[PDB]
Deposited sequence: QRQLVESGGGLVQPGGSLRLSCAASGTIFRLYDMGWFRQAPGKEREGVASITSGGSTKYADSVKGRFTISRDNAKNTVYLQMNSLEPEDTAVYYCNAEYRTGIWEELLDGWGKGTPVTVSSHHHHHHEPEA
């Protein structure tokens, strides 16, 4: 399968962004990870199939994530973007190749996002 990310663009501080991670037989756990140049990989959101959502301490109250089961695609909404959020967002995905196949973890290519203008 192929993992595609988008929604990375230059944004002024305080703006809003909407990411998009899609794959193309069904997706199970689909998370969002940020990696700053001077920081280790850190997860910000993680949504299960049933709609249960988990958020990081810094991400709480500003980050919204939902799962579209029809198209197997995620959008995660940036609210109140700050320069401290300047990093690359990686799409960690759990998926099954086929109904009679093993469970596998899919890693997206990664998209760059900078809060600057």
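Unmodelled stretches of the deposited sequence, numbered from 1? According to the deposited record, C-alpha coordinates are absent for 1, 26-28, 122-131, which together make up the missing parts.
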